[PDB]
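The block underneath contains the structure these notes are about, expressed in structure tokens.
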Number of protein chains: 2
Amino acid sequence: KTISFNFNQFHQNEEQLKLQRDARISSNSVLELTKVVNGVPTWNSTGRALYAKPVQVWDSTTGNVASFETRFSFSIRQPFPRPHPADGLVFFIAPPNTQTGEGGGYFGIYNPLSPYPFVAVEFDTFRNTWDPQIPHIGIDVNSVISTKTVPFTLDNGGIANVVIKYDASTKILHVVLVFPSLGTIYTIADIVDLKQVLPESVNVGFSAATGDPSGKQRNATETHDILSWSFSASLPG
Amino acid sequence: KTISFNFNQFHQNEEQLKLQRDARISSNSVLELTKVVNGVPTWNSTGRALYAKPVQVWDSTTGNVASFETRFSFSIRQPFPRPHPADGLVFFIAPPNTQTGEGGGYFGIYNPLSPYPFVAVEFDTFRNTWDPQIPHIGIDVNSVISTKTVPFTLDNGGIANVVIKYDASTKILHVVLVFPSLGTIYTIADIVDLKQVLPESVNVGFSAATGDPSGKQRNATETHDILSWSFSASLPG
Ligand SMILES: *[C@@H]1O[C@H](CO)[C@@H](O[C@@H]2O[C@H](CO)[C@@H](O)[C@H](O)[C@H]2NC(C)=O)[C@H](O[C@@H]2O[C@@H](C)[C@@H](O)[C@@H](O)[C@@H]2O)[C@H]1NC(C)=O
Ligand SMILES: *[C@@H]1O[C@H](CO)[C@@H](O[C@@H]2O[C@H](CO)[C@@H](O)[C@H](O)[C@H]2NC(C)=O)[C@H](O[C@@H]2O[C@@H](C)[C@@H](O)[C@@H](O)[C@@H]2O)[C@H]1NC(C)=O
Ligand SMILES: *[C@@H]1O[C@H](CO)[C@@H](O[C@@H]2O[C@H](CO)[C@@H](O)[C@H](O)[C@H]2NC(C)=O)[C@H](O[C@@H]2O[C@@H](C)[C@@H](O)[C@@H](O)[C@@H]2O)[C@H]1NC(C)=O
Ligand SMILES: CO[C@H]1O[C@H](CO)[C@H](O)[C@H](O)[C@H]1NC(C)=O
Ligand SMILES: CO[C@H]1O[C@H](CO)[C@H](O)[C@H](O)[C@H]1NC(C)=O
Ligand SMILES: *[C@@H]1O[C@H](CO)[C@@H](O)[C@H](O)[C@H]1NC(C)=O
Ligand SMILES: [Ca+2]
Ligand SMILES: [Ca+2]
Ligand SMILES: [Mn+2]
Ligand SMILES: [Mn+2]
């Protein structure tokens with residue numbers, strides 16, 4: 001069992017994607033997770049993009065867990081340096097048919113009064129009380145309080161290439177972040193047992209958020225665009 | 001407390017390096033692990049380059065194991081496409097004061113006569129009876145029969161950026177290979193317990209080899225140059 005897809009760009013009314021909240025595909029082929037009006041990103045925005053079909057990460061009959069690899073490119077432009085940009089974007093895996101969670105530092109994937117499990121890779125741009133210096137890459141399991149974190153320097157408005165790989169045999173989730181214009185490379189990895197946190201079928205996708213109104217800073221915002229996205233998974237059992 | 005070193009280029013007769021066999025430093029600052037005469041690489045070549053001082057990867061007193069990160073750039077030029085270039089290069093960790101092993105597919109780090117333990121990251125270009133398709137990245141522990149491998153496409157004569165990271169807490173060894181001119185990214189990781197395979201003090205370095213005479217093919221060769229190399233280790237205690 002091998003499932004996979006690839007998007008060299010995105011088209012409006014992409015029957016393969018499920019857009020939620022502020023998520024929208026622009027006319028020039030990019031997936032804009034958060035609201036951007038007249039070339040300017042706004043605060044109080046949250047949006048998600050899920051692959052329409054569910055993927056099987058493990059099978060209870062054989063006990064086998066799937067291995068997978070996903071690559072995507074994104075760009076974050078931070079027009080307003082002061083006071084502070086927010087909030088960042090994440091690639092995540094969650095149960096199917098879920099609704100956008102709380103915005104702000106929760107990226108729209110965490111919902112307090114109805115928490116659902118999830119594994120996520122974050123690119124955090126705002127420092128919340130539970131965060132180390134930003135920006136940083138973090139591996140999140142059921143919480144936005146990363147199990148592992150690594151700092152990185154953003155290429156404002158530049159393109160970022162990300163590779164996320166998960167090997168079921170070792171349970172290692174490793175992510176690579178590369179900014180081709182700067183030649184910088186960041187790597188982070190951790191052990192995660194999908195079988196232990198997620199159900200057999202899940203949805204994979206992205207989620208982002210800009211500054212929350214509670215911060216009372218309209219400049220607390222930035223863009224969260226996805227330029228391309230390929231995904232492949234293999235379930236031997 | 002712990003070590004750190006960085007070479008942005010190499011100087012003829014580096015007091016800091018221990019060159020063995022065919023390893024030499026060219027007039028223009030590159031470390032040529034295997035023999036290259038008049039711009040042409042030759043077969044039957046083997047060479048290593050070790051950091052002169054030993055590094056402590058773990059302490060028996062505290063039981064603490066070190067974490068480390070190493071980045072380097074290399075270039076492999078394959079002038080003769082047919083019948084098959086050989087053999088590749090590796091970054092390795094071994095006990096101090098060891099001698100060059102057997103060439104060919106053993107890269108000069110394996111010695112059947114008096115085997116010594118070692119952890120290595122290989123960039124295999126020739127397919128031996130124990131190898132999967134080439135080229136590939138492989139993680140080797142005490143043998144050249146990789147515990148884990150991933151295929152990659154070489155940028156002939158191009159520059160390759162490598163990042164090798166080891167986290168003692170998770171025992172995860174993850175390596176990243178990037179070819180900036182092609183924008184390609186390859187990642188591989190595995191669990192390795194240094195404390196269980198290596199002594200408290202070790203040498204770190206590179207080793208490469210070209211076609212062995214037993215193959216009866218003089219074309220079985222290529223260059224194995226190291227352009228730069230930075231290393232860092234952090235042993236708490
Ligand atoms: C919110 O973002 C605005 C756009 O970056 C900031 O205004 C810009 O502030 C610059 C000085 O840091 C100034 O040179 C720019 O001309 C100005 N841009 C314009 C025309 O709006 C804004 O900064 C506040 O407003 C400006 C006008 C000054 O009064 C600053 O002292 C203020 O901090 C940002 N506001 C905040 C809360 O950071
Ligand atoms: C492959 O490289 C080897 C390392 O230089 C060559 O070994 C020869 O070893 C001799 C003593 O062991 C030494 O005096 C020689 O300098 C050296 N090679 C020569 C002759 O320059 C090996 O050479 C072959 O094997 C040796 C034992 C001699 O019989 C040579 O005449 C052979 O050419 C190299 N093999 C080949 C096929 O090039
Ligand atoms: C070993 O590498 C040599 C250089 O790449 C090969 O020879 C070159 O082959 C080219 C076409 O394959 C030909 O246009 C070049 O002129 C020639 N260069 C030389 C050495 O004169 C060589 O290939 C064999 O020998 C050549 C001359 C041709 O006859 C080929 O058909 C032969 O396969 C390579 N040897 C092997 C075993 O591949
Ligand atoms: C004061 O914090 C809030 O506003 C910030 C931007 O001003 C950030 O958006 C920050 O994440 C958000 N906090 C939460 C919990 O959503
Ligand atoms: C036929 O195999 C041998 O020759 C090859 C090059 O022709 C390669 O050098 C290959 O690695 C080597 N084998 C060993 C075991 O070293
Ligand atoms: C934030 O957006 C929500 C829904 O998009 C809206 O109901 C709310 O009033 C907005 N907050 C402010 C103060 O703009
Ligand atoms: Ca945050
Ligand atoms: Ca080989
Ligand atoms: Mn964070
Ligand atoms: Mn191999």
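Counting starts at 1 for both ligands and their atoms, following the listed order. Proteins get letters first, then strands, A, B, ... in listed order; numbering begins at 1 in each.
- Proximity of atom 14 (O) of ligand 2 to the protein is not indicated, since no non-hydrogen protein atom lies closer than 4.0 angstrom.
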(request) Check the pair A:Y51 / A:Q16 against side-chain hydrogen bond (donor to acceptor under 3.5 Å, both in side chains), numbers first and verdict last. (result) CA-CA 6 Å; A:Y51 181 60; A:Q16 296 264 290; 3.1 Å; yes
(request) Show your reasoning for whether side-chain hydrogen bond (donor to acceptor under 3.5 Å, both in side chains) applies to B:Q9 and B:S228. (result) CA-CA 5 Å; B:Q9 78 172 188; B:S228 63; over 6 Å; no
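- Inside a 4.0 Å radius of atom 18 (N) of ligand 2 there is not any protein heavy atom.
- With respect to A:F206, the ring pair (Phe, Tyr, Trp, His ring centres under 6.0 Å) criterion is satisfied by exactly one of A:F92, A:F72, A:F231: A:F72.
- Between A:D22 and A:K35 there is no salt bridge, since none of the side-chain N atoms of the basic residue sits less than 4.0 Å from a carboxylate O of the acidic one.
- Atom 37 (C) of ligand 2 has as its closest protein heavy atom B:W43 CZ2, 4.0 Å.
- Protein heavy atoms come within 4.0 Å of atom 3 (C) of ligand 2.
- Checking atom 31 (O) of ligand 2 against the protein gives no heavy-atom contact under 4.0 Å.
- Protein heavy atoms are found less than 4.0 angstrom from atom 11 (N) of ligand 6.
- Residue contact annotation: A:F126 places an N/O/S atom under 3.0 Å from the Ca ion (ligand 7).
- Shown here, atom 28 (C) of ligand 2 is out of close reach of the protein: none of its heavy atoms lies under 4.0 Å off.
- Within 4.0 Å of atom 34 (C) of ligand 2, at least one protein heavy atom is present.
- Put simply, A:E122 stays out of reach of the Ca ion (ligand 7), with no N, O or S atom under 3.0 Å from it.
- Where the criterion is an N or O separation shorter than 3.5 Å, residue side chain and backbone included, A:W43 fails it with respect to ligand 6.
- Every atom of ligand 2 with a heavy atom of B:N44 under 4.0 Å away is listed here by number and element: 1 (C), 2 (O), 3 (C), 22 (C), 34 (C), 35 (N), 36 (C), 38 (O).
- Not less than 6.0 angstrom separates the ring centroid of B:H136 from the ring centroid of B:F152.
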(message) Walk me through whether A:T34 and A:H224 qualify under side-chain hydrogen bond (donor to acceptor under 3.5 Å, both in side chains).
(response) CA-CA 6 Å; A:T34 53; A:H224 298 112; 2.9 Å; yes
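- The minimum heavy-atom distance between B:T100 and B:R48, with the atom names listed, is OG1-CD, 2.9 Å.
- Note: A:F118 and A:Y116 have perpendicular aromatic rings, judged against thresholds of 30 and 60 degrees for the angle between ring planes.
- Of the candidates A:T42, A:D22, A:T46, A:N44, A:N44 brings a heavy atom nearest to atom 6 (C) of ligand 6.
- The Ca ion (ligand 7) has no N, O or S atom of A:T125 inside 3.0 Å of it.
- Taking the Ca ion (ligand 7) as reference, A:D131 places its N/O/S atom OD2 nearest.
- Applying side-chain contact (heavy atoms from CB on, under 4.5 Å) to A:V119 and the options A:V204, A:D193, A:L194 leaves one that passes, A:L194.
- Per-atom contact check: atom 4 (C) of ligand 6 does not touch the protein, criterion being a heavy-atom distance below 4.0 Å.
- With the Ca ion (ligand 7) as the vertex, OD2 (A:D124) and OD1 (A:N128) define an angle of 150°, rounded to 10°.
- Between B:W130 and B:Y110, the ring center distance fails the sub-6.0 Å criterion.
- Look at A:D225 and A:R77 and you find no salt bridge, because none of the NZ, NE, NH1 or NH2 atoms lies under 4.0 Å from a carboxylate O.
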